[PDB]
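Only one chain comes next, encoded as structure tokens, the form solved without uridine-5'-diphosphate.
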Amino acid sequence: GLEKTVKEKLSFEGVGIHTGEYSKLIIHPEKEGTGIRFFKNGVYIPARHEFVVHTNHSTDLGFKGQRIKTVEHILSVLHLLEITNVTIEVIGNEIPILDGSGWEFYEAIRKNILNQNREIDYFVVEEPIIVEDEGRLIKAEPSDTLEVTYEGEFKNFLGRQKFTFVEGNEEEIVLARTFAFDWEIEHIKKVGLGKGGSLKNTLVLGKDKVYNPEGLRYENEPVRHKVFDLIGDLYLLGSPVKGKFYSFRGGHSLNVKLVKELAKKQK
């Protein structure tokens, strides 16, 4: 495909899920060969694995004393639409969580895509690789198209679920909300996370119920969002990715570990 940017400045705002603090976000058009990067307090933070500063419950980027939390959702949308050249300006400490899914980002960007005139240099997975972490596992292997599978153990009514993204079904994961279990809420609050959490932006899961009045968006909404998360983290490779991925109980830390190992092997 051709490199892509946005045809005008796109604006978004809302609290961050973890900081609970309001952020103003502006997506700026950029020329060919610019890449995806964030901008905060006069500092450009490239959307690349080298700038990752934290990876639990979220993926956070940092550079020159400036930090931006929870970049995975907006990066996933950009990855799905193969937007390659924009600057994501942020006033605040965290990307807005909005409704907890990628819908608002996706709808606005898709509506304002500008095709540019240079072919995309894809990150193509060259060979099979497996990363593990005491039960957790992620495997990557060559594929000319992006395919991403996540399988999880939820230990509640959801049980064991899996979902597979293939190119063409991008919109089957952009509505999947971020989620939390009721048994981890106390811990989340204690370590200073989830301060922006509410039923308006988070799917809250119980043992045999959903705390959200409207219930689930999909019968397998959580694993859909996990795929959505992985695609976001995968874009930290610096280019749109072509490969086949399988994640079992993976998280941001394991996602970034795979990214870093893939980057090292193909540099």
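So that there is no doubt, residue numbering starts at 1 and follows the sequence shown.
Below: the form solved in complex with uridine-5'-diphosphate, not depicted.
In the deposited complex, uridine-5'-diphosphate sits beyond 4.5 Å of every heavy atom of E167. Contact check for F154: a non-hydrogen atom falls within 4.5 Å of uridine-5'-diphosphate in the deposited complex.
Although the partner is absent here, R249 is a contact residue: one of its heavy atoms lies within 4.5 angstroms of uridine-5'-diphosphate in the deposited complex. uridine-5'-diphosphate in the deposited complex is approached by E184, whose closest heavy atom lies within 4.5 angstroms of it. Residues with any non-hydrogen atom within 4.5 angstroms of uridine-5'-diphosphate in the deposited complex fall in just one of 117 to 125, 141 to 149, 176 to 184, 83 to 91: 176 to 184.
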